[PDB]
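Peer 1: Build me a model from this:
(4 chains, ligands or ions: 2)
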Amino acid sequence: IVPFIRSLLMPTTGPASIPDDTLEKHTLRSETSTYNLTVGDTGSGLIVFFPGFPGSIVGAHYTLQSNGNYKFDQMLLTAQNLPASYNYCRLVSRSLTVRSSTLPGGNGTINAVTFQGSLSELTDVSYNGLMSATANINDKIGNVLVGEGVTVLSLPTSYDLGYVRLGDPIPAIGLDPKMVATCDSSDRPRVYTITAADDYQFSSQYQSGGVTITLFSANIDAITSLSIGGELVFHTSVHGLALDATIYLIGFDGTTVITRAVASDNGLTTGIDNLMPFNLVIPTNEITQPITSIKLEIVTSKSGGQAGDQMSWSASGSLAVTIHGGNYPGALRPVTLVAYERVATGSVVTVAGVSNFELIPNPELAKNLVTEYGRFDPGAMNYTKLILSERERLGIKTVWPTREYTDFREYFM
Amino acid sequence: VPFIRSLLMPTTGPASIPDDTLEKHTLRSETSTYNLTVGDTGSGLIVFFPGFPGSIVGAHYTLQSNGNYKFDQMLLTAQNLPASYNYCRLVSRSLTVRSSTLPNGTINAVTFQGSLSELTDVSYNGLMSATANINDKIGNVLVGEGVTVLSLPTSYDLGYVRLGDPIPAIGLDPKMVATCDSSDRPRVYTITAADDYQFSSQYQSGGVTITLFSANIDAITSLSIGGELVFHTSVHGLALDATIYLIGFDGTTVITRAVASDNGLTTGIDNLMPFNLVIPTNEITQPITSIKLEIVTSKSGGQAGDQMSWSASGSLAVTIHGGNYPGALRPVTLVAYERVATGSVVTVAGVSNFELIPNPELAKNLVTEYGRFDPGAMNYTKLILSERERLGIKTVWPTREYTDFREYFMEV
Amino acid sequence: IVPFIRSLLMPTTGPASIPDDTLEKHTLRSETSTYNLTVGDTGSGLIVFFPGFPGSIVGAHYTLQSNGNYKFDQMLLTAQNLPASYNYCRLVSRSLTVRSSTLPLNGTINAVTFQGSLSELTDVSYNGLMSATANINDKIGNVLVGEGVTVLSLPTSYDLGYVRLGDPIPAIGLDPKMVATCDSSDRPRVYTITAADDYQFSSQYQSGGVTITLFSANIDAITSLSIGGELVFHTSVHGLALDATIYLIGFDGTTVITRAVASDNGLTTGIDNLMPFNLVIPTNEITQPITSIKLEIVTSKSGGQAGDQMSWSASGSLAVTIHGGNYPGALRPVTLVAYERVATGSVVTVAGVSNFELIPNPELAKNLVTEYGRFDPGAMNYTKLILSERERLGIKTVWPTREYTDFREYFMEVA
Amino acid sequence: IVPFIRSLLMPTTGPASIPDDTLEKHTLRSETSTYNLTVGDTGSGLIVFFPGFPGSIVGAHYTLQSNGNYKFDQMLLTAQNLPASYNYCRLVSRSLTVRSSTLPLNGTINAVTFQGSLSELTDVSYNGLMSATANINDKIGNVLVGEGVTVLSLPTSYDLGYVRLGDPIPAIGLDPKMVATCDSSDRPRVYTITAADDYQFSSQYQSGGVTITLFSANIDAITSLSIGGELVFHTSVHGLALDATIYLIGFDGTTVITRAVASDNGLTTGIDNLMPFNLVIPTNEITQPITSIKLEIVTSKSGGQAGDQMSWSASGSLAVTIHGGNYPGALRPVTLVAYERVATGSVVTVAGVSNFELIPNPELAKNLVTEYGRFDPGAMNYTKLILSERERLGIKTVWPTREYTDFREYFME
Ligand SMILES: [Ca+2]
Ligand SMILES: [Ca+2]
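Peer 2: Numbering: from 1, shown residues only, chains lettered A, B, ... in the order given. Ligands and ions are numbered 1, 2, ... in the order given. Here you go:
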């Protein structure tokens, strides 16, 4: 059969060019992913996969703790870091399997679902709640035995997608040995607009150390670089007030991933528009785990203050959070969650997969890597469209009990 | 071929676009129904955004005796799509405009390939020249018979657009608003407001105000304004106040933002005035068609004779989020009416068809799919459009003719 | 051409037997509906149709008042009252047109077919109606009143049973106002209201008893219903007595039926005080469609001390049974035709036809022959094919009359 | 291949419209069911399934206790609560698998499909179940728990009407605990109990009153029901008062619901003393399936003293109405899956799919399109043919999972 269809439904067989109209000279590659994750003491956990991610980020593993909160374990990537060798990329196909491979010195089920939004948009991430994230029967699978395993297959979220910049490093020199410079995924940014205050009235008695408040908290999604811009305007009738403002980017496990000062001892002048601008740039290397929320903290203070003293101000303002390349299909959505429970503590949950890409090499590699437009295959796209339209009749799933996927592979070959 | 049917006869329902943008989606039809009231001049203008990917369908303006237009209201779909969906693509759309009441009149309509503020003439007769395409203009149709606006493609293989849906958020402010906006394909305007511009004037209690510039730009949904102005001065004690105004098609101020407040200028130094503005969609009450910057110069302890002066250089960048997404700002279809009896009702009725992706809550009960495979649908669409002139497929029609066209199609 | 499809799509042509498996000896009849309704001073109104109603009730007309409330005008029925001549019935097909016929261009109509019953609509405004359904072929907007709209009844299931019509039964009584009927009953609709689950009431007295509305709920009824169940009261205060009244409210907010449930029911301390509901509301008492039910309870202590604390705790569930209410077409679906900007005093004209399968009452049976009805081998499959291609064929439940007329021509040519 | 037959025999592949004459505009949905049940200390238990239930109730789990009694564990439902989003429903197809997934080889399963409702079973022991039916294709014995059993729902009539889901209706009340719904009602089941026909009661006084259980009867209820009727009492003795209570008992012997029918009802001599029944038991109050009803009557003599005679004669009938009880699938049939010898603490995993034809509630109707559904000329005939050849084809209601799997292959080819 058509090579692309083969690649699409059976990624582990290798790559093939997407039969669309995005004619770029490129090269084809397969990157494997292999992880042996350890089960925590509740025997429950969650793996978040970004099936359509155009690059080396495959997912993240979280363990569920006794207190009911998740805790970040680690990212799941490809064998090598693509940005080190390539500058542009497009995802061709991908599949990963998750199954237990071990038992601790002398158990378990999986629920999985493919959600059409991004991580922070899920309304329920519990083992059982997941089963309702989507209404599509072929995008959910329940109570599969961990030992048999589940297979996650990436299905398209649009074709004729452009190539994505990989966040490759660029030629640069600096005084700081820690300096970092890259060209990021940017085309198709996602933008969140937050009006944190519209004549919001703040009022409180002085207090040594200042009074702190969290003006707002909002769910947003970010895996790679983002920028935060905009401004808050403050009004006050009180003399001697100074502000300290800090933005926090929170991870899926509730921990603080990034903190940035926005205002430091910003004094407020009476009867005037006090401007507090935001000029934040958060680079990818600082994001240690997926960001799922953003909150603003403001600390109001008065230097020569006394117990009882009045500190008050009114504020108005909007921020814009720009996730570079955030709306590129596959970059933040969709998400495939694989949850496991009742697995013996200390067991090994093994992840193994392949990702196939269309790539454009970086300058150094371009000297030795030939690139081409790729096999003309007249009916490949029509066939793909036919297959996907008949998705329900053919039973092509995004999540499968591995045994069934294997049977499906035979019935295909 | 369902797509062709939906495209040319939107009121029959939606169909998936036969392109290569394969996303699991659902198909929906949203109606638009309005009974607009005719002002005392008997003249008015309806501005339609034929390709708008979402719930905004147009805006109504009445023409006043003084010759200026006055904003009436927005024209939307029956329900607010962003409340139920996160992503969208326009499949097809058509709207009819005709008089339904007597308490007379004609219509001129045209489809302009730019955005609203780019039109050079918006008068009832002037519109007839906005385009050279005979199939994109229609003149003096009787208001009682009506006109039909049909949405024709401005590119396929367009991506799904974020709808400006609300995101989960909690804040101390009850008026707090948080959304994920239409962003892909931003439109960017760059304005160099000053390049060593010399300002000079004699003191004056209260300060001296100048409008540094005024420019035409278009915006319906969120936008941001960044950049900076740099000021130089040899005079001591000067302070600046600067404000940005976003103006509506009717000349009214829609939005004001302080950019500088009592910003004092130091001598022999680069005085920086940054712009960090974000204008959310909920604040835009009517389409924005221009932007202007105001600077007020002042000297606190000054006396007559004192000379106020500074030199400035600087550039701003106005980013209209998702502004260049085809259909978001351009094209525009204008339907103008005149000589209609005052107090009459101009009735608008239409259908909008979309490919949509449900929000998280609705996704729990709404099944999404890739959509019928129809091998020759795109080729047939391309053939029809290339023979557009020979087939007479218009973007604006005298309704009677559109109706005949519908019959001649269902019988072919 | 298959008579049934012809009847279904063009009801005014006459009846035909439903090609299903409900083989009963019956007769076929057509009842017309004709009304000249008057437009109120706001120029806005609403006609509610019960497109699938198995009997003579076609709809109800309401005018919109200056204050924003609707006001009941009258019921729309068939030329004759079917229950007076027949005992059983099945709806075959039905169509109605609504248009302005007089002048004292003066108006628009929005119409929609909702898959629930009247009280379940979330928005009944002229423009809100456009969203009641997502089906593009079950809604129509801003049609000129002079051209008009056509309501076409599409099936909500076949192989439906015959419905009892609410015919009079032989009876004699001392009361001249006595009424006895055999009612539509198969497939009742049942609403269960747990009005209170240890609800705590405590109120200051007030002359005449402190009155509260324990609860209010949306329910639908056009014909007889019964209300059963019981409330159990507990109290530590002596001398309290309760008055309870069930109220059945119309779509216009007016009280349609009121029934005493408790009258001077005294409450004994430290004991389960029982308040049973044994209500039967007969069809002839319902003057307009019911859209809500409320329980008013008046608590009184024997003294009469303005301000005297009153208290009791209550628990209970009531069951509201709408006889035959779940029979498809009896309460759902509903087709609403709203009009606005019509000149005050104009006449909105309604004209239609209802087709039925009927079983005559005893007296008429002596002269009306009944039969099983034409065998037509492919009629049901043809129907199913047509309905499954409903969107492709554009078969609507609401149409701009001009289009429906074109559709009829396009049909009589092929056949 | 007929989608409907595919759905019917292989529910996990998704829904299809029933090819009968109930032509309603509807939508099609699949709801999964996933449960990890824990085995008690006897290593024995019972799962009761309602294979044809038109809605979200799939079944109930009971553990067998050392004393030989069952104990209710929990209900087994679909992933989401259908009555919250839809108002009407029809069951298209359904299948569930039951197998052990953990070990802290242990155990066997016996399963049977009984044509009555739960309380009508004459024997619910692990081995007794094998006789509940004579149909060889509706019973299966000693399947290993590790391999598992598959319950397949087979029709109990077509051309069934849509069922009201017990959805909430718009209502407001003084009580925050107020509940109001439109219940499954078409085709009610009615039990008529003549509790007494001039029954003579006589007993010596006792401080506290004398208690008797006039009668006890097996009835079945899962959702709302009402009890009506009346008892008439006669007596020659002065000063007697009665207390009467109705108790609705669960399958495990526990009291699920209690209602006072008479409280301090005094008896007047030489007159007909009326004791009406006006009970309405809403669904939310039924915590587990009801399998019996009993009436308790406490006779007391106010000014009574030791030695006092107490007596009365009674006559009466009650009518218990189970709303929608006789709708095929609502109470009957029932499929019982029993397991024994399973290691205590093991997990018995349940995983299934339910397919429905539904009508959305008013809010969802604004965004969910409904249709009549694919015309498929021979689907019904093919279904009738298949079912008539049920024995020859070996189409079972309960299967050893391995065989069901083979059956699926033999069908897809
Ligand atoms: Ca393309
Ligand atoms: Ca039948």
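Peer 1: What distance do you get for the residue in the stretch 101-250 of chain A positioned nearest to chain C to ligand 1?
Peer 2: Here the stretch 101-250 of chain A gets closest to chain C at one residue, residue A:135, 15.4 Å apart by Cβ to the nearest Cβ. In short, each C-beta sits where N, CA and C put it, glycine included. According to Cβ to the ion, to the nearest Å, residue A:135 stands 29 Å off from ligand 1.
Peer 1: That residue contacts residue B:365, doesn't it?
Peer 2: Yes. Residue A:135 is within contact range of residue B:365, at 5.6 Å (criterion: Cβ atoms under 8 Å).
Peer 1: Now list whatever residues contact both of these two.
Peer 2: The contact sets of residue A:135 and residue B:365 overlap at residue D:29 (Cβ atoms under 8 Å, 6 or more residues apart in numbering or on different chains).
Peer 1: Spell out, range by range, the strands that occur in the stretch 201-350 of chain A.
Peer 2: A:211-218, A:226-235, A:241-251, A:256-267, A:274-282, A:291-302, A:310-323, A:335-341, A:348-361 (DSSP state E, counting those that start in this stretch).
Peer 1: Stretch A:362-375 near chain B at all?
Peer 2: No. Applying Cβ under 8 Å from any Cβ of the partner chain, one finds stretch A:362-375 separated from chain B by no less than 15.8 Å.
Peer 1: And that stretch, what's buried?
Peer 2: Burial within stretch A:362-375, assessed by neighbour count using 16 or more other Cβ atoms under 10 Å in any protein chain shown, is assigned to A:362, A:369, A:374.
Peer 1: Equivalent analysis for stretch A:32-50, please.
Peer 2: A:33, A:35, A:37, A:39-40, A:42-50.
Peer 1: What is the end-to-end distance of it?
Peer 2: 15 Å (Cα to Cα, to the nearest Å).
Peer 1: Distance from the chain centre to that stretch, please.
Peer 2: In terms of Cα atoms, centre = their mean, to the nearest Å, the centre of stretch A:32-50 is found 16 Å from the chain centre.
Peer 1: can you tell if it touches chain B?
Peer 2: No. Stretch A:32-50 does not reach chain B (Cβ under 8 Å from any Cβ); its nearest approach is 15.5 Å.
Peer 1: which residues sit in contact with the nearest residue to residue A:398 once chain neighbours are set aside?
Peer 2: Closest residue to residue A:398 apart from its sequence neighbours, by Cβ to Cβ, 6 or more residues apart in numbering or on different chains: residue A:114 at 4.0 Å. Counting by Cβ under 8 Å, 6+ apart, residue A:114 touches A:51, A:134, A:136, A:139-140, A:152, A:334-336, A:398-399.
Peer 1: now the angle from the helix or strand where residue A:114 lies to strand A:335-341?
Peer 2: Here residue A:114 sits within strand A:109-115, counting by DSSP states H and E. For strand A:109-115 against strand A:335-341, the angle by axes from the mean of the first three to the mean of the last three Cα atoms, to 10 degrees is 160 degrees.
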